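Visitor: Before I ask anything, let me first share the structure, which is written out below as structure tokens.
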Amino acid sequence: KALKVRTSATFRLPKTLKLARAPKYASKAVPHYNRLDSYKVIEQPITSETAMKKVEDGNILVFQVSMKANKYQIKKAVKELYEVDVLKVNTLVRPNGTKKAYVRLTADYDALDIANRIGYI
Amino acid sequence: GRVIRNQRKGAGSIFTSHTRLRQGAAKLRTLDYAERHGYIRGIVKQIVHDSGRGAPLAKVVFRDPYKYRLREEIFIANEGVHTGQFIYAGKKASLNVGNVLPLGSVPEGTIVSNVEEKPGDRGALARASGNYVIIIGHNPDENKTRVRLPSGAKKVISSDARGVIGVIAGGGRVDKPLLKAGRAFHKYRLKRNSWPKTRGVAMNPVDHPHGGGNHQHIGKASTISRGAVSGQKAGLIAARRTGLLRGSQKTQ
Amino acid sequence: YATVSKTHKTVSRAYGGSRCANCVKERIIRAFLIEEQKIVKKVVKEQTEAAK
Amino acid sequence: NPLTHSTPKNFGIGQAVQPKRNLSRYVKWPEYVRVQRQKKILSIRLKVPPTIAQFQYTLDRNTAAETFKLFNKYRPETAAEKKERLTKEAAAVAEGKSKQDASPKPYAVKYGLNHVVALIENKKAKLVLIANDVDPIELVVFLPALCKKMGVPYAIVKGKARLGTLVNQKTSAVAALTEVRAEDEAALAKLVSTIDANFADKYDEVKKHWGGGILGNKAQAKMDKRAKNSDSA
RNA sequence: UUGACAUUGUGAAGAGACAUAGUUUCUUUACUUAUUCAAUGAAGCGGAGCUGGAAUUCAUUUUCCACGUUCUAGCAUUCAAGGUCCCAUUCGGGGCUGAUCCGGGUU
RNA sequence: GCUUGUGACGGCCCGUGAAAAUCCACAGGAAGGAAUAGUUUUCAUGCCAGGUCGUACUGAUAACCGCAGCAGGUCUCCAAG
RNA sequence: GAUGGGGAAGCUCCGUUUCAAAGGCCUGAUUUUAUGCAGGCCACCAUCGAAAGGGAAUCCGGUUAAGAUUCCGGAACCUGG
Ligand SMILES: [Mg+2]
Ligand SMILES: [Mg+2]
Ligand SMILES: [Mg+2]
Ligand SMILES: [Mg+2]
Ligand SMILES: [Mg+2]
Ligand SMILES: [Mg+2]
Ligand SMILES: [Mg+2]
Ligand SMILES: [Mg+2]
Ligand SMILES: [Mg+2]
Ligand SMILES: [Mg+2]
Ligand SMILES: [Mg+2]
Ligand SMILES: [Mg+2]
Ligand SMILES: [Mg+2]
Ligand SMILES: [Mg+2]
Ligand SMILES: [Mg+2]
Ligand SMILES: [Mg+2]
Ligand SMILES: [Mg+2]
Ligand SMILES: [Mg+2]
Ligand SMILES: [Mg+2]
Ligand SMILES: [Mg+2]
Ligand SMILES: [Mg+2]
Ligand SMILES: [Mg+2]
Ligand SMILES: [Mg+2]
Ligand SMILES: [Mg+2]
Ligand SMILES: [Mg+2]
Ligand SMILES: [Mg+2]
Ligand SMILES: [Mg+2]
Ligand SMILES: [Mg+2]
Ligand SMILES: [Mg+2]
Ligand SMILES: [Mg+2]
Ligand SMILES: [Mg+2]
Ligand SMILES: [Mg+2]
Ligand SMILES: [Mg+2]
Ligand SMILES: [Mg+2]
Ligand SMILES: [Mg+2]
């Protein structure tokens, strides 16, 4: 017979089969356990006299919160560690290089009430 | 002794072009099928100033033989071409101002611009505001075509070499006194860093072959050998005469 | 312009929010005439091919 | 007819976008392609010495068809076949007390370059097929001379792979017969003769004949019509 | 920068020696594959043919050129509409032609 | 009136005074779409979510650079009678 | 300033789309099923480089020893879904 019929002047790299990895020994024997769980995410209360104010007047809980952790993660690990519901979470890095969550609870909850359930005062 | 000025320009530090505002590079069409078997229409669409350029450019757009779409070219405007004018490019194309034609097809005495050294090099000869070349005869076997360039030189190139019919626009620009230093200044500001110019004769000797002395003087013949070496060639390089050119010039 | 309903971005003629109406008028006339004088170029030089 | 319409389409410079065509003439092949094509070209433009060029003169398809047809019968042992042979004699021989000769003499095609050379050298080979490819051509260029001087008849045959099939390698380079079942001796003598005629007989004259020096067609025609006009008006 | 040698090959005419058979060497001038330069999303190259027709026929073609676009600041894309052949008639879809043949040397 | 913003103009050039992300529009018409009921989210209303790092103060005859709480140096906005 | 490359004994130098087989979107084909093939495109060939250039969208009141166009109040707007 005879030849191909390429209508394009450009020759391109044949789109050839990409085989997926099916290994033979494992990557690491044991996967890592969860590196940022709810307990590691939210480290202590912040009971500064001016912070407590934000709890009586603010319906706001203030935590020293792991630097590795974003608002999403602060919100969950609060909601989870404490049964409470969260409105919004503002955050900030302190001058001693530790992160501070300003956690606002929804109106259904009283934070000041919830503060001294966890125990501080 | 120091590296003199003129050897420093080779590394192009502060000496590269001031390219930032330029319309693009000015070139004829690619030498495609259309243009060497027939003609192809375009429209000049804009004739526009180029920074650092004597002569205006003409933005001319064409259809694309091979794909549905406009493809645009940057032409140096020959005098008298205008917006909206139809431009015809190609072997079998007519002898009007603004068309591009292969030097082969135009009678001697024709006056063209932006002409190719070799076919399809997209245009090399006579591009400065005011210049042109003149066909001064052809030798049909080995299709050559003899032209005289602006310099006065005659050179003989392929007949297939394209050229655009006319003279380049903006002629006369140099008839006008700059008058002040500033207009020079603003001129080179858009060319390159060559202005102003310290007389080598006002430098110390580290600086220049002309430098030093207790009075200012070149101190030795200022006609330098072709075979001189970098750091020597400052003066009148290879000058085969010197002094006030008396008498008419004009190549014979 | 994406925070805004399409009528703020056109007018109701052909080439609405794109060309300036007189500018359309022109290319309507020119289109028509040129497609005509085409027919006139056709049959005239068709004649020529037989009358020579 | 209906409300259907004949429009044609003017594809004649300055109008209608060009249609899609076959540009297979023009495509920008990968370098590795452009190399192997132009290598074959360069190898033709150069006048090639008579001791190469005596290749390219290959066998013809028919005689070789007959020659593969033979050589096939005498293929070497298959993996199994010899396993099978061994599990015969090993069990058998060692007991029945035959002298490692409860196996029949094997008639097979001789192969492998170095093996066959000593065969030619020893005038034991009786019809040698030489490949026509073989990229360090040196492995083989001295073989026509050898076979000629050892009075061994030979043939340059198309396909190092095709030689390789009849021996169960991918490629072979050479294949030879030294033995033959008398039931085939006749076929081979006839085969041998044609081959000798086409090669070992013609050898000496081929040794005088340079190769290539061939123009490509853009410049073939260039002078087939330069020399057409100039001389005979 | 200038010379030689190496890269370095292929024709042809002309000079030069065993001393007016051609192995060999240079002056010329050819060749193109080494080397070199320009170009382009390697797009239309070379070769033949169709048709037109200038051409003048010394038996008939011996040739040479062509062989889709120029009043206008429009429009030009969906393997093309057409024509024709198939799928087993669904809606879709496929070939061929339209767009001549040959050589895969991008020019 | 002052400062500033803006506009329709006018002077100047051998100077004619960035780019790109991004957004929209139009030409095109592939294709998809109803009457026993289809198309429509560039019209209105309605639901959810928006991470990470900076954010204090000085900016100078004492928070900067000049061995210093140095008569030096060090970019800018606001501007009453 | 990486990369196919080319230099360099070499640390490295050159080149930035350049003598490179350079890559990815839209959906269809699945009703073994999760995504192979079916087209058609598009050949754009890294990336860093502006807290004064470009740029989606917030305001007023109130509040602190010290934070605010960031919190409270109220009223909006943008982007994605
Ligand atoms: Mg309360
Ligand atoms: Mg923050
Ligand atoms: Mg530059
Ligand atoms: Mg200067
Ligand atoms: Mg001076
Ligand atoms: Mg001077
Ligand atoms: Mg001095
Ligand atoms: Mg001197
Ligand atoms: Mg000196
Ligand atoms: Mg001096
Ligand atoms: Mg003086
Ligand atoms: Mg409107
Ligand atoms: Mg057998
Ligand atoms: Mg020389
Ligand atoms: Mg090309
Ligand atoms: Mg001001
Ligand atoms: Mg202006
Ligand atoms: Mg818009
Ligand atoms: Mg479809
Ligand atoms: Mg909406
Ligand atoms: Mg994300
Ligand atoms: Mg502040
Ligand atoms: Mg102070
Ligand atoms: Mg200090
Ligand atoms: Mg001070
Ligand atoms: Mg680099
Ligand atoms: Mg960046
Ligand atoms: Mg910025
Ligand atoms: Mg900015
Ligand atoms: Mg306030
Ligand atoms: Mg506070
Ligand atoms: Mg403050
Ligand atoms: Mg608020
Ligand atoms: Mg609200
Ligand atoms: Mg929305």
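Sequential numbering from 1, following the chain as shown.
Using the three backbone atoms N, Cα and C, a Cβ is placed for every residue, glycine included.
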Visitor: Where Swiss-Prot marks ubiquitin cross-link, which residue is it, choosing among B:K118, B:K176?
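Guide: Comparing B:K118, B:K176 with the record, Swiss-Prot tags B:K118 as ubiquitin cross-link.
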Visitor: Hey, which of B:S105, B:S151, B:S159 does Swiss-Prot call phosphoserine?
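Guide: Record lookup in Swiss-Prot returns phosphoserine for B:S159.
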Visitor: According to Swiss-Prot, which residue out of B:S94, B:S129 bears the annotation phosphoserine?
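Guide: Annotated as phosphoserine in Swiss-Prot: B:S94.
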Visitor: Can you check what DSSP calls B:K118 (ubiquitin cross-link), collapsed to helix, strand or coil?
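Guide: Reduced to three states, the DSSP call for B:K118 (ubiquitin cross-link) is coil.
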Visitor: What's the CA-CA gap between B:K45 (ubiquitin cross-link) and B:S51 (phosphoserine) in angstrom, rounded?
Guide: 19
Visitor: Fewest other C-beta atoms within 10 angstroms of its own C-beta: which of the recorded sites B:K45, B:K92, B:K118, B:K144 fits that?
Guide: B:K118
Visitor: Which of these modified residues has the least crowded Cβ, counting other Cβ atoms within 10 Å: B:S51, B:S158, B:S159?
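Guide: Counting other Cβ atoms within 10 Å of each of the modified residues B:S51, B:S158, B:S159, the minimum falls on B:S51.
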Visitor: A 10 Å Cβ contact count, applied to the modified residues B:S94, B:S248: which residue has the minimum?
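Guide: B:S248, out of the modified residues B:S94, B:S248, has the fewest neighbouring Cβ atoms within 10 Å.
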Visitor: Whole-number answer please: how many Å between the C-alpha atoms of B:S248 (phosphoserine) and B:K144 (ubiquitin cross-link)?
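Guide: On Cα coordinates alone, these residues lie 31 Å apart.
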Visitor: Given the recorded positions B:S51, B:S94, B:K144, B:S158, state which is nearest to B:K118 (ubiquitin cross-link) when distance is taken between Cα atoms.
Guide: B:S158
Visitor: When DSSP is mapped onto helix/strand/coil, what comes out for B:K144 (ubiquitin cross-link)?
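Guide: Looking at the DSSP assignment, B:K144 (ubiquitin cross-link) belongs to a strand.
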